[PDB]
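To be precise, the following lines are input22.pdb, and they hold PDB, C-alpha atoms.
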ATOM      1  CA  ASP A   1     166.466 -10.081  -4.509
ATOM      2  CA  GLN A   2     164.002 -11.081  -1.791
ATOM      3  CA  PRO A   3     162.201 -14.478  -2.059
ATOM      4  CA  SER A   4     159.028 -13.208  -0.379
ATOM      5  CA  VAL A   5     157.448 -10.152   1.228
ATOM      6  CA  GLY A   6     157.672 -11.208   4.876
ATOM      7  CA  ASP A   7     160.999 -12.934   4.340
ATOM      8  CA  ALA A   8     162.091  -9.842   2.463
ATOM      9  CA  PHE A   9     161.757  -7.830   5.625
ATOM     10  CA  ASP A  10     164.033 -10.151   7.636
ATOM     11  CA  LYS A  11     166.760  -9.420   5.093
ATOM     12  CA  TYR A  12     165.531  -5.856   4.739
ATOM     13  CA  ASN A  13     165.719  -5.048   8.431
ATOM     14  CA  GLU A  14     169.327  -6.015   8.958
ATOM     15  CA  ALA A  15     170.066  -3.997   5.832
ATOM     16  CA  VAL A  16     168.053  -0.926   6.687
ATOM     17  CA  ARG A  17     168.357  -0.686  10.377
ATOM     18  CA  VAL A  18     172.024  -0.482   9.884
ATOM     19  CA  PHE A  19     171.819   1.915   6.935
ATOM     20  CA  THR A  20     169.640   4.627   8.487
ATOM     21  CA  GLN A  21     170.910   4.733  12.045
ATOM     22  CA  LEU A  22     174.296   4.653  10.382
ATOM     23  CA  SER A  23     173.614   8.264   9.498
ATOM     24  CA  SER A  24     171.825   9.153  12.776
ATOM     25  CA  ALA A  25     173.959   7.199  15.220
ATOM     26  CA  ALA A  26     176.794   8.861  13.346
ATOM     27  CA  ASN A  27     175.734  12.345  14.470
ATOM     28  CA  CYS A  28     171.991  13.158  14.265
ATOM     29  CA  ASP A  29     168.553  12.354  12.830
ATOM     30  CA  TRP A  30     166.345  14.610  10.679
ATOM     31  CA  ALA A  31     163.304  13.537  12.717
ATOM     32  CA  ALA A  32     161.178  16.044  10.831
ATOM     33  CA  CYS A  33     161.310  14.138   7.556
ATOM     34  CA  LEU A  34     160.479  10.750   9.004
ATOM     35  CA  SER A  35     157.289  12.313  10.321
ATOM     36  CA  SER A  36     156.735  13.158   6.648
ATOM     37  CA  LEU A  37     156.306   9.460   5.683
ATOM     38  CA  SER A  38     154.108   8.843   8.672
ATOM     39  CA  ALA A  39     152.413  12.005   7.404
ATOM     40  CA  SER A  40     151.395  11.037   3.823
ATOM     41  CA  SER A  41     153.051  11.196   0.408
ATOM     42  CA  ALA A  42     151.150  11.056  -2.871
ATOM     43  CA  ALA A  43     153.841   8.556  -3.748
ATOM     44  CA  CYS A  44     153.618   5.726  -1.206
ATOM     45  CA  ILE A  45     150.072   5.241  -2.450
ATOM     46  CA  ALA A  46     150.726   5.803  -6.139
ATOM     47  CA  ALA A  47     153.282   3.246  -5.249
ATOM     48  CA  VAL A  48     150.726   0.636  -4.252
ATOM     49  CA  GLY A  49     150.055   0.373  -7.921
ATOM     50  CA  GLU A  50     153.573   0.639  -9.397
ATOM     51  CA  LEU A  51     155.548  -2.366  -7.904
ATOM     52  CA  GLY A  52     155.990  -3.304  -4.324
ATOM     53  CA  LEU A  53     154.867   0.215  -4.087
ATOM     54  CA  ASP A  54     157.099   1.768  -6.762
ATOM     55  CA  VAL A  55     160.171   2.351  -4.662
ATOM     56  CA  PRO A  56     160.442   5.882  -6.201
ATOM     57  CA  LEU A  57     157.042   6.320  -4.666
ATOM     58  CA  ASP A  58     156.696   4.274  -1.432
ATOM     59  CA  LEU A  59     160.172   3.618  -0.132
ATOM     60  CA  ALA A  60     160.900   6.964  -1.565
ATOM     61  CA  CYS A  61     157.889   8.237   0.355
ATOM     62  CA  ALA A  62     159.481   6.429   3.226
ATOM     63  CA  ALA A  63     163.045   7.354   2.237
ATOM     64  CA  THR A  64     161.819  10.878   1.957
ATOM     65  CA  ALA A  65     161.029  10.301   5.601
ATOM     66  CA  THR A  66     161.209   7.233   7.938
ATOM     67  CA  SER A  67     162.598   4.446   5.730
ATOM     68  CA  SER A  68     165.128   7.133   5.789
ATOM     69  CA  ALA A  69     167.046   8.551   2.925
ATOM     70  CA  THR A  70     165.739  12.044   2.386
ATOM     71  CA  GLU A  71     168.570  14.089   0.917
ATOM     72  CA  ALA A  72     166.240  17.021   1.530
ATOM     73  CA  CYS A  73     165.877  16.775   5.329
ATOM     74  CA  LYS A  74     168.982  14.786   5.992
ATOM     75  CA  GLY A  75     172.359  16.057   6.886
ATOM     76  CA  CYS A  76     171.745  13.710   9.776
ATOM     77  CA  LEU A  77     169.659  10.489   9.380
ATOM     78  CA  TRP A  78     170.112   9.096   5.774
TER      79      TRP A  78
ATOM     80  CA  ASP B   1     173.743  -6.166   4.004
ATOM     81  CA  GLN B   2     173.586  -2.720   2.401
ATOM     82  CA  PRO B   3     176.830  -0.671   2.055
ATOM     83  CA  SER B   4     175.058   2.671   2.481
ATOM     84  CA  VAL B   5     171.651   4.267   2.996
ATOM     85  CA  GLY B   6     171.092   5.635  -0.510
ATOM     86  CA  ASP B   7     172.800   2.665  -2.118
ATOM     87  CA  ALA B   8     170.741   0.476   0.172
ATOM     88  CA  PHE B   9     167.607   1.700  -1.515
ATOM     89  CA  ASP B  10     168.826   0.759  -5.013
ATOM     90  CA  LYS B  11     169.150  -2.816  -3.768
ATOM     91  CA  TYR B  12     166.086  -2.376  -1.588
ATOM     92  CA  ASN B  13     163.814  -1.240  -4.393
ATOM     93  CA  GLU B  14     164.384  -4.170  -6.699
ATOM     94  CA  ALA B  15     163.829  -6.359  -3.650
ATOM     95  CA  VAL B  16     160.730  -4.663  -2.331
ATOM     96  CA  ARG B  17     158.973  -3.547  -5.402
ATOM     97  CA  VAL B  18     158.901  -7.104  -6.439
ATOM     98  CA  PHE B  19     157.950  -8.423  -2.998
ATOM     99  CA  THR B  20     154.894  -6.251  -2.323
ATOM    100  CA  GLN B  21     153.289  -6.045  -5.739
ATOM    101  CA  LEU B  22     153.968  -9.757  -5.805
ATOM    102  CA  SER B  23     151.068 -10.027  -3.397
ATOM    103  CA  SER B  24     148.943  -7.266  -5.010
ATOM    104  CA  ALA B  25     149.652  -7.964  -8.664
ATOM    105  CA  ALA B  26     148.847 -11.520  -7.655
ATOM    106  CA  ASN B  27     145.240 -10.649  -6.791
ATOM    107  CA  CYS B  28     144.680  -7.449  -4.754
ATOM    108  CA  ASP B  29     146.091  -4.754  -2.456
ATOM    109  CA  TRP B  30     144.986  -3.922   1.104
ATOM    110  CA  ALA B  31     145.192  -0.205   0.272
ATOM    111  CA  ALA B  32     143.748   0.618   3.676
ATOM    112  CA  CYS B  33     146.837  -0.480   5.582
ATOM    113  CA  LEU B  34     149.339   1.350   3.424
ATOM    114  CA  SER B  35     147.449   4.524   4.268
ATOM    115  CA  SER B  36     148.219   3.478   7.850
ATOM    116  CA  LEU B  37     151.993   4.056   7.391
ATOM    117  CA  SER B  38     151.369   7.304   5.604
ATOM    118  CA  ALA B  39     149.062   7.877   8.575
ATOM    119  CA  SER B  40     151.453   7.563  11.571
ATOM    120  CA  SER B  41     152.684   4.710  13.757
ATOM    121  CA  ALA B  42     154.220   5.192  17.192
ATOM    122  CA  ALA B  43     156.791   2.783  15.829
ATOM    123  CA  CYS B  44     158.314   4.400  12.734
ATOM    124  CA  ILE B  45     159.360   7.217  15.043
ATOM    125  CA  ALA B  46     160.364   5.108  18.027
ATOM    126  CA  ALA B  47     162.256   3.517  15.242
ATOM    127  CA  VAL B  48     164.281   6.623  14.472
ATOM    128  CA  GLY B  49     166.058   5.853  17.670
ATOM    129  CA  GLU B  50     166.342   2.042  17.528
ATOM    130  CA  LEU B  51     168.406   1.280  14.317
ATOM    131  CA  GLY B  52     167.763   2.408  10.822
ATOM    132  CA  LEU B  53     164.490   2.985  12.455
ATOM    133  CA  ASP B  54     164.133  -0.316  14.332
ATOM    134  CA  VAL B  55     162.655  -2.386  11.554
ATOM    135  CA  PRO B  56     160.075  -3.763  14.075
ATOM    136  CA  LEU B  57     159.124  -0.144  14.392
ATOM    137  CA  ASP B  58     159.653   1.734  11.080
ATOM    138  CA  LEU B  59     159.623  -0.825   8.314
ATOM    139  CA  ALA B  60     157.157  -2.549  10.485
ATOM    140  CA  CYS B  61     155.277   0.740  10.647
ATOM    141  CA  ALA B  62     155.691   0.677   6.922
ATOM    142  CA  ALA B  63     155.172  -3.088   6.616
ATOM    143  CA  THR B  64     152.112  -2.616   8.720
ATOM    144  CA  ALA B  65     151.144  -0.399   5.822
ATOM    145  CA  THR B  66     152.963   0.807   2.636
ATOM    146  CA  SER B  67     156.377  -0.888   2.800
ATOM    147  CA  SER B  68     153.846  -3.573   2.743
ATOM    148  CA  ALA B  69     153.697  -6.641   4.851
ATOM    149  CA  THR B  70     150.777  -6.191   7.191
ATOM    150  CA  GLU B  71     149.455  -9.644   8.016
ATOM    151  CA  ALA B  72     146.592  -7.733   9.613
ATOM    152  CA  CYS B  73     145.250  -5.896   6.540
ATOM    153  CA  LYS B  74     146.706  -8.160   3.936
ATOM    154  CA  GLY B  75     145.094 -11.080   2.290
ATOM    155  CA  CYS B  76     146.045  -9.046  -0.743
ATOM    156  CA  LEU B  77     149.190  -6.812  -0.798
ATOM    157  CA  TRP B  78     151.942  -8.410   1.443
TER     158      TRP B  78
END
Serialized structure, structure tokens:
Amino acid sequence: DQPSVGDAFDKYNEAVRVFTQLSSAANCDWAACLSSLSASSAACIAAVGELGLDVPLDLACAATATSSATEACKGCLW
Amino acid sequence: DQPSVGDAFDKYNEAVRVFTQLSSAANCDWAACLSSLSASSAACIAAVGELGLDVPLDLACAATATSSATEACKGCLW
């Protein structure tokens, strides 16, 4: 439960930075998938409309790539 | 502090989805910036290497766009 958007990140960061490199630092990064977010997903945008960017869409667009948590390209960076 | 990457998201989502649409639902979304993440930032990738994708890089690549928190394109979607 984040109090704000910018403040959310502060909390977010500590939480994510540790979570994703946890998988990479552990052994490897997908690298290909993250490009995918920075590529474009019909979700991250459809997200704009569905709540903080409908996580299933945006952070999922991101998780499916850089936010990192793509069970499809992982086996490395989750 | 997230226990895992996938589990992180569960927590994340509730936290973000509320934070970003908080700004949009409030009045408007940048829309242009979010495309920016789904576009490509030298950060989100440089992030892959600097911790869960160095928030200042990835979620900042995302915040500077879809994760949402771009004080540059905001005035709407933070």
Within 8 Å of (147.2, -6.1, -2.8) (file coordinates; all atoms listed in the file), which protein or nucleic acid residues are there? I'd like them as number ranges by chain.
A: 48; B: 20-21, 23-31, 74-78
Write the residues of the selection above to a file with C-alpha atoms, as a short mmCIF file (atom, residue, chain, number, x, y, z; two decimals), in the coordinates of the input.
data_model
loop_
_atom_site.label_atom_id
_atom_site.label_comp_id
_atom_site.auth_asym_id
_atom_site.auth_seq_id
_atom_site.Cartn_x
_atom_site.Cartn_y
_atom_site.Cartn_z
CA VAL A 48 150.73 0.64 -4.25
CA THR B 20 154.89 -6.25 -2.32
CA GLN B 21 153.29 -6.04 -5.74
CA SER B 23 151.07 -10.03 -3.40
CA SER B 24 148.94 -7.27 -5.01
CA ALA B 25 149.65 -7.96 -8.66
CA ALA B 26 148.85 -11.52 -7.66
CA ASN B 27 145.24 -10.65 -6.79
CA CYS B 28 144.68 -7.45 -4.75
CA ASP B 29 146.09 -4.75 -2.46
CA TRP B 30 144.99 -3.92 1.10
CA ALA B 31 145.19 -0.20 0.27
CA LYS B 74 146.71 -8.16 3.94
CA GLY B 75 145.09 -11.08 2.29
CA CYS B 76 146.04 -9.05 -0.74
CA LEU B 77 149.19 -6.81 -0.80
CA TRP B 78 151.94 -8.41 1.44
#
Which residues of chain B are close to chain A, meaning at most 6 Å apart when you count all atoms listed in the file, and how do they look as an NGL selection string?
:B and (1-2 or 4-5 or 13 or 15-21 or 37-40 or 51-55 or 78)
Least-squares fit on all C-alpha atoms, paired in order: put chain A onto chain B and return it as a PDB file with C-alpha atoms, in the coordinates of the input.
ATOM      1  CA  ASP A   1     173.742  -6.165   4.004  1.00  0.00           C
ATOM      2  CA  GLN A   2     173.585  -2.721   2.401  1.00  0.00           C
ATOM      3  CA  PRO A   3     176.831  -0.671   2.055  1.00  0.00           C
ATOM      4  CA  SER A   4     175.058   2.672   2.480  1.00  0.00           C
ATOM      5  CA  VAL A   5     171.651   4.268   2.995  1.00  0.00           C
ATOM      6  CA  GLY A   6     171.092   5.637  -0.510  1.00  0.00           C
ATOM      7  CA  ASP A   7     172.801   2.665  -2.117  1.00  0.00           C
ATOM      8  CA  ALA A   8     170.741   0.476   0.171  1.00  0.00           C
ATOM      9  CA  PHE A   9     167.607   1.699  -1.515  1.00  0.00           C
ATOM     10  CA  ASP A  10     168.827   0.760  -5.014  1.00  0.00           C
ATOM     11  CA  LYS A  11     169.150  -2.816  -3.769  1.00  0.00           C
ATOM     12  CA  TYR A  12     166.086  -2.376  -1.588  1.00  0.00           C
ATOM     13  CA  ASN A  13     163.814  -1.240  -4.393  1.00  0.00           C
ATOM     14  CA  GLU A  14     164.385  -4.171  -6.699  1.00  0.00           C
ATOM     15  CA  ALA A  15     163.828  -6.359  -3.651  1.00  0.00           C
ATOM     16  CA  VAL A  16     160.731  -4.663  -2.331  1.00  0.00           C
ATOM     17  CA  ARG A  17     158.974  -3.548  -5.402  1.00  0.00           C
ATOM     18  CA  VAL A  18     158.901  -7.104  -6.439  1.00  0.00           C
ATOM     19  CA  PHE A  19     157.950  -8.423  -2.999  1.00  0.00           C
ATOM     20  CA  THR A  20     154.894  -6.252  -2.323  1.00  0.00           C
ATOM     21  CA  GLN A  21     153.289  -6.046  -5.738  1.00  0.00           C
ATOM     22  CA  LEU A  22     153.968  -9.757  -5.805  1.00  0.00           C
ATOM     23  CA  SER A  23     151.067 -10.027  -3.397  1.00  0.00           C
ATOM     24  CA  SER A  24     148.943  -7.266  -5.010  1.00  0.00           C
ATOM     25  CA  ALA A  25     149.653  -7.964  -8.664  1.00  0.00           C
ATOM     26  CA  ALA A  26     148.849 -11.520  -7.654  1.00  0.00           C
ATOM     27  CA  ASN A  27     145.240 -10.649  -6.791  1.00  0.00           C
ATOM     28  CA  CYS A  28     144.679  -7.448  -4.755  1.00  0.00           C
ATOM     29  CA  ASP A  29     146.091  -4.755  -2.457  1.00  0.00           C
ATOM     30  CA  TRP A  30     144.986  -3.921   1.103  1.00  0.00           C
ATOM     31  CA  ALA A  31     145.192  -0.204   0.272  1.00  0.00           C
ATOM     32  CA  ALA A  32     143.748   0.619   3.678  1.00  0.00           C
ATOM     33  CA  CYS A  33     146.837  -0.480   5.582  1.00  0.00           C
ATOM     34  CA  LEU A  34     149.338   1.351   3.424  1.00  0.00           C
ATOM     35  CA  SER A  35     147.450   4.524   4.268  1.00  0.00           C
ATOM     36  CA  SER A  36     148.219   3.478   7.849  1.00  0.00           C
ATOM     37  CA  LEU A  37     151.993   4.056   7.391  1.00  0.00           C
ATOM     38  CA  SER A  38     151.369   7.306   5.603  1.00  0.00           C
ATOM     39  CA  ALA A  39     149.061   7.876   8.574  1.00  0.00           C
ATOM     40  CA  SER A  40     151.453   7.563  11.571  1.00  0.00           C
ATOM     41  CA  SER A  41     152.684   4.711  13.757  1.00  0.00           C
ATOM     42  CA  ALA A  42     154.219   5.191  17.192  1.00  0.00           C
ATOM     43  CA  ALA A  43     156.790   2.784  15.829  1.00  0.00           C
ATOM     44  CA  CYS A  44     158.315   4.400  12.734  1.00  0.00           C
ATOM     45  CA  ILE A  45     159.360   7.217  15.042  1.00  0.00           C
ATOM     46  CA  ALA A  46     160.363   5.109  18.026  1.00  0.00           C
ATOM     47  CA  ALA A  47     162.256   3.517  15.242  1.00  0.00           C
ATOM     48  CA  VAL A  48     164.280   6.623  14.472  1.00  0.00           C
ATOM     49  CA  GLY A  49     166.058   5.853  17.670  1.00  0.00           C
ATOM     50  CA  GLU A  50     166.341   2.042  17.528  1.00  0.00           C
ATOM     51  CA  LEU A  51     168.406   1.279  14.316  1.00  0.00           C
ATOM     52  CA  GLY A  52     167.762   2.406  10.822  1.00  0.00           C
ATOM     53  CA  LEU A  53     164.491   2.985  12.455  1.00  0.00           C
ATOM     54  CA  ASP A  54     164.133  -0.316  14.332  1.00  0.00           C
ATOM     55  CA  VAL A  55     162.655  -2.386  11.554  1.00  0.00           C
ATOM     56  CA  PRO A  56     160.075  -3.764  14.075  1.00  0.00           C
ATOM     57  CA  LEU A  57     159.125  -0.144  14.391  1.00  0.00           C
ATOM     58  CA  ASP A  58     159.653   1.733  11.080  1.00  0.00           C
ATOM     59  CA  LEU A  59     159.623  -0.825   8.313  1.00  0.00           C
ATOM     60  CA  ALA A  60     157.156  -2.550  10.486  1.00  0.00           C
ATOM     61  CA  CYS A  61     155.277   0.739  10.648  1.00  0.00           C
ATOM     62  CA  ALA A  62     155.690   0.677   6.923  1.00  0.00           C
ATOM     63  CA  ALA A  63     155.171  -3.088   6.616  1.00  0.00           C
ATOM     64  CA  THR A  64     152.112  -2.616   8.719  1.00  0.00           C
ATOM     65  CA  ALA A  65     151.145  -0.399   5.823  1.00  0.00           C
ATOM     66  CA  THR A  66     152.961   0.808   2.637  1.00  0.00           C
ATOM     67  CA  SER A  67     156.377  -0.888   2.800  1.00  0.00           C
ATOM     68  CA  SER A  68     153.846  -3.573   2.741  1.00  0.00           C
ATOM     69  CA  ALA A  69     153.697  -6.642   4.852  1.00  0.00           C
ATOM     70  CA  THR A  70     150.776  -6.192   7.190  1.00  0.00           C
ATOM     71  CA  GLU A  71     149.455  -9.645   8.016  1.00  0.00           C
ATOM     72  CA  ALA A  72     146.592  -7.734   9.613  1.00  0.00           C
ATOM     73  CA  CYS A  73     145.249  -5.895   6.541  1.00  0.00           C
ATOM     74  CA  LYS A  74     146.705  -8.161   3.936  1.00  0.00           C
ATOM     75  CA  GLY A  75     145.094 -11.079   2.290  1.00  0.00           C
ATOM     76  CA  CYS A  76     146.045  -9.046  -0.743  1.00  0.00           C
ATOM     77  CA  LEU A  77     149.191  -6.813  -0.797  1.00  0.00           C
ATOM     78  CA  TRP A  78     151.943  -8.410   1.445  1.00  0.00           C
TER      79      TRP A  78
END
If I only have part of stretch 43-57 of chain B, can you fill in N, CA, C and O atoms and write it as a PDB file, in the frame of the given file?
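Heads up, here's the output in result08.pdb:
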ATOM      1  N   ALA B  43     155.609   3.580  16.081  1.00  0.00           N
ATOM      2  CA  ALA B  43     156.791   2.783  15.829  1.00  0.00           C
ATOM      3  C   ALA B  43     157.798   3.467  14.918  1.00  0.00           C
ATOM      4  O   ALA B  43     158.922   3.712  15.333  1.00  0.00           O
ATOM      5  N   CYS B  44     157.399   3.781  13.692  1.00  0.00           N
ATOM      6  CA  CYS B  44     158.314   4.400  12.734  1.00  0.00           C
ATOM      7  C   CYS B  44     159.180   5.481  13.371  1.00  0.00           C
ATOM      8  O   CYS B  44     160.333   5.682  12.981  1.00  0.00           O
ATOM      9  N   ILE B  45     158.628   6.171  14.350  1.00  0.00           N
ATOM     10  CA  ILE B  45     159.360   7.217  15.043  1.00  0.00           C
ATOM     11  C   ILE B  45     160.229   6.625  16.152  1.00  0.00           C
ATOM     12  O   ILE B  45     161.445   6.911  16.264  1.00  0.00           O
ATOM     13  N   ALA B  46     159.621   5.749  16.945  1.00  0.00           N
ATOM     14  CA  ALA B  46     160.364   5.108  18.027  1.00  0.00           C
ATOM     15  C   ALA B  46     161.524   4.384  17.380  1.00  0.00           C
ATOM     16  O   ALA B  46     162.558   4.070  17.984  1.00  0.00           O
ATOM     17  N   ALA B  47     161.317   4.170  16.099  1.00  0.00           N
ATOM     18  CA  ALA B  47     162.256   3.517  15.242  1.00  0.00           C
ATOM     19  C   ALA B  47     163.463   4.399  15.024  1.00  0.00           C
ATOM     20  O   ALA B  47     164.599   3.946  15.147  1.00  0.00           O
ATOM     21  N   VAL B  48     163.206   5.674  14.728  1.00  0.00           N
ATOM     22  CA  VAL B  48     164.281   6.623  14.472  1.00  0.00           C
ATOM     23  C   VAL B  48     165.409   6.402  15.440  1.00  0.00           C
ATOM     24  O   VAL B  48     166.582   6.525  15.091  1.00  0.00           O
ATOM     25  N   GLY B  49     165.044   6.081  16.657  1.00  0.00           N
ATOM     26  CA  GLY B  49     166.058   5.853  17.670  1.00  0.00           C
ATOM     27  C   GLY B  49     166.611   4.435  17.775  1.00  0.00           C
ATOM     28  O   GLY B  49     167.732   4.259  18.245  1.00  0.00           O
ATOM     29  N   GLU B  50     165.880   3.423  17.321  1.00  0.00           N
ATOM     30  CA  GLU B  50     166.342   2.042  17.528  1.00  0.00           C
ATOM     31  C   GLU B  50     167.028   1.286  16.367  1.00  0.00           C
ATOM     32  O   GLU B  50     166.879   0.074  16.303  1.00  0.00           O
ATOM     33  N   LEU B  51     167.628   1.967  15.386  1.00  0.00           N
ATOM     34  CA  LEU B  51     168.406   1.280  14.317  1.00  0.00           C
ATOM     35  C   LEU B  51     167.705   1.296  12.993  1.00  0.00           C
ATOM     36  O   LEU B  51     166.725   0.558  12.752  1.00  0.00           O
ATOM     37  N   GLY B  52     168.267   2.152  12.140  1.00  0.00           N
ATOM     38  CA  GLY B  52     167.763   2.408  10.822  1.00  0.00           C
ATOM     39  C   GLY B  52     166.299   2.595  10.875  1.00  0.00           C
ATOM     40  O   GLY B  52     165.612   2.575   9.857  1.00  0.00           O
ATOM     41  N   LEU B  53     165.861   2.796  12.105  1.00  0.00           N
ATOM     42  CA  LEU B  53     164.490   2.985  12.455  1.00  0.00           C
ATOM     43  C   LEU B  53     163.914   1.644  12.861  1.00  0.00           C
ATOM     44  O   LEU B  53     162.909   1.206  12.301  1.00  0.00           O
ATOM     45  N   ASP B  54     164.572   0.989  13.849  1.00  0.00           N
ATOM     46  CA  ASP B  54     164.133  -0.316  14.332  1.00  0.00           C
ATOM     47  C   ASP B  54     163.149  -0.912  13.374  1.00  0.00           C
ATOM     48  O   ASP B  54     161.981  -0.544  13.402  1.00  0.00           O
ATOM     49  N   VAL B  55     163.595  -1.795  12.510  1.00  0.00           N
ATOM     50  CA  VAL B  55     162.655  -2.386  11.554  1.00  0.00           C
ATOM     51  C   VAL B  55     161.324  -2.736  12.207  1.00  0.00           C
ATOM     52  O   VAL B  55     160.281  -2.394  11.648  1.00  0.00           O
ATOM     53  N   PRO B  56     161.322  -3.386  13.410  1.00  0.00           N
ATOM     54  CA  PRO B  56     160.075  -3.763  14.075  1.00  0.00           C
ATOM     55  C   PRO B  56     159.201  -2.549  14.284  1.00  0.00           C
ATOM     56  O   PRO B  56     158.001  -2.662  14.538  1.00  0.00           O
ATOM     57  N   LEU B  57     159.833  -1.388  14.247  1.00  0.00           N
ATOM     58  CA  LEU B  57     159.124  -0.144  14.392  1.00  0.00           C
ATOM     59  C   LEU B  57     158.799   0.518  13.047  1.00  0.00           C
ATOM     60  O   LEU B  57     157.643   0.579  12.654  1.00  0.00           O
TER      61      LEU B  57
END
